[PDB]
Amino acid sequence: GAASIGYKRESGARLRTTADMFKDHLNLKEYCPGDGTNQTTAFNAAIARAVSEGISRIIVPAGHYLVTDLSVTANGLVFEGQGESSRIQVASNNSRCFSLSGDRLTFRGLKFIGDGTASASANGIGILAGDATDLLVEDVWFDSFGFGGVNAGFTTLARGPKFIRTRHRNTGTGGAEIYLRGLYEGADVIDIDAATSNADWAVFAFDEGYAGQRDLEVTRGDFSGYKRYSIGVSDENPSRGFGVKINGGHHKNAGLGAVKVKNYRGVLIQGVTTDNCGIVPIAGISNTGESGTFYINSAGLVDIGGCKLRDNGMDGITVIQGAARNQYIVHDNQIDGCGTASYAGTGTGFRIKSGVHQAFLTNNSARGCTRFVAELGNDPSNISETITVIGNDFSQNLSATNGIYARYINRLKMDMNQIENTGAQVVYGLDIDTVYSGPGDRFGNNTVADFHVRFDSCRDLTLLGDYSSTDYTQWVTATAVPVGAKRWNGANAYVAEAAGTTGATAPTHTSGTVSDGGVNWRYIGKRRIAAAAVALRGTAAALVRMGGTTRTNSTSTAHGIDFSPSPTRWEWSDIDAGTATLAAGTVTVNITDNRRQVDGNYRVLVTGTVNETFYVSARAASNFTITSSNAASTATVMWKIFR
């Protein structure tokens, strides 16, 4: 037949037959009809024929190949489908299409189809791999599998699989689209298209008892609607390599969150964006402290940056340590909404409980939190050592109860932070040995007649920041205001959303935007509602050190000081200074309004300009008197106020 029909492209070519042109390759339909019947025996023969002839690629043309648990133990084989019409279906309940042990296998251009049934994480699966190294899975569609697409496990260190542009649909309850087990290096998930209504995970990894290197790098996926996290990554026995890297992708509609990590040595999450994740809490999980669209638990190294997490139904970013030690950096992230699911004990922007790790919170911002914008430490069992806070913006969280909630910390460093119009207490610290809030810090503008900054049973406190209330300019009719200007009326404050001219309807609303007649005013918070700027409770502080940059002004009192258990030593440098001129041998000097004191126990220094003895005869909360030995004194004296 074909073996007797010679073929020659031109005279200079070899003399071959039309059969030779076909035999250079291996068409699957030389063995399989592709008519939707059970074809496992034919498929197995074609795999074995390629191995026997020394051929790698097996062309899978358009067809329907119903097939059960195919074993391939050879190495170089390429299963090259021509498109989504190259359909490979499971033929039985609770089974799979392929069982892989050969190395350097590659699947391409195929559509795998299941039957929606599964009796194990090793069934209801397109492909089960066991120590199949360097597995390449590219441009393949997994549809209607009871558990997922590929389950790859390893019992000895080797190259992990590469999933490039895999499509996953209709997976069903309790499933993982990609299931990695054991120890591996160089595993990659690139441009995944994951979307379900019932499956738990898109990418799941578990050690399965085996210890050692597990290098996974997920870049640029699309994850939709997974009931547990989109990417689940677990090591139960931490005890070479780095860990997991997540370089981007978009997540939405996830039930618990986008990323969960357990006990991995190193964690690198960069540029990930989520929306409406963690929107279905699970009783028995979400109320046990595990909450957050990022949930990183007991990792040796954590670096999450450039991540934009919007409308989180539960907590935002949660980084927790239990009981190797490396950095916890949370930098350049944004949280837009938190607690949209209205789950109790939930709605926190940043949950950083670092413990032995020295944490770094840098240049983050958060909006729309219902619990704490950032809670730091807060474990009576496991003390967090060092947490330093640089240049964060936790403003405009009117539904939060605390801007920063910090407890059970050894040293808390803060500077350049901006938190306005959030929380009953803007910053609330408890049981912290050493707190430092630099001059660049700004914590103020309450939502409730309470303390801007409160510290309970904290030993060493250095507070140099601006903890005042904003002394807003008042709202007036028929005055020119630019968009961004801030006026106050009654008990509230507002921002202009459009440059214009003031109407006659003075703003009175407590939420949203309302036109005053022409100008649109948006509510931002309350005006000077705080009961005090800096408050102390619990056991007495050993030291409270303030300076010339500390601002406690414009609250309900002139001083903004509320120490109910008084600190054993309260230092305050450069409170006030000036020059006065005596008359009839006396002056009573008025302290500037922003630095009026809580009592008259502050220290005063004074030296005169003439040969007279000057002394401080009285000290009040808002003034002090300087008298001279000359009852007719008219001299000038220079004075200084401090503690």
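Throughout, we count residues from 1 along the sequence that is shown.
Trainee: Using the PDB record, quantify the missing residues of the deposited sequence between residue 239 and residue 240 as none, 1 to 3, 4 to 9, or 10 or more.
Mentor: Gap size class: 1 to 3 residues without coordinates, per the record.
Trainee: Can you say how many deposited residues have no coordinates in the span between residue 323 and residue 324, choosing none, 1 to 3, 4 to 9, or 10 or more?
Mentor: Gap between residue 323 and residue 324: 10 or more residues without coordinates.
Trainee: Per the PDB record, is the mean Cα temperature factor higher over 509-517 or over 476-484?
Mentor: Looking at the record's C-alpha B-factors, the answer is 476-484.
Trainee: On mean C-alpha B-factor from the PDB entry, just flag whether 519-527 or 117-125 is the higher one.
Mentor: The deposited B-factors put 519-527 ahead on the C-alpha mean.
Trainee: Maximum C-alpha temperature factor per the entry, among 276, 287, 549, 462, belongs to which one?
Mentor: Answer for 276, 287, 549, 462: 287, with the highest C-alpha B-factor.
Trainee: Hey, out of 504, 335, 152, 97, whose CA B-factor is highest in the deposited coordinates?
Mentor: Of the candidates given, the C-alpha B-factor peaks at 504.
Trainee: Comparing against every modelled residue in the chain, figure out the third that the C-alpha B-factor of residue 61 lands in (lowest, middle or highest).
Mentor: As the PDB entry reports it, the C-alpha B-factor of residue 61 lands in the lowest third of its chain.
Trainee: Considering only modelled residues of the same chain, in which third does the CA B-factor of residue 295 rank: lowest, middle or highest?
Mentor: Answer is lowest: the recorded C-alpha B-factor places it there.
Trainee: So where's residue 356 on the chain's Cα temperature factor ranking, which third?
Mentor: Its C-alpha B-factor, which the entry lists for residue 356, ranks in the highest third among residues of this chain.
Trainee: Select lowest, middle or highest to describe the third in which the CA B-factor of residue 471 falls within its chain in this entry.
Mentor: Highest third of the chain for residue 471's C-alpha B-factor.
Trainee: Please place residue 393 in the lowest, middle or highest third of its chain by C-alpha B factor as given in the entry.
Mentor: Bottom third by C-alpha B-factor.
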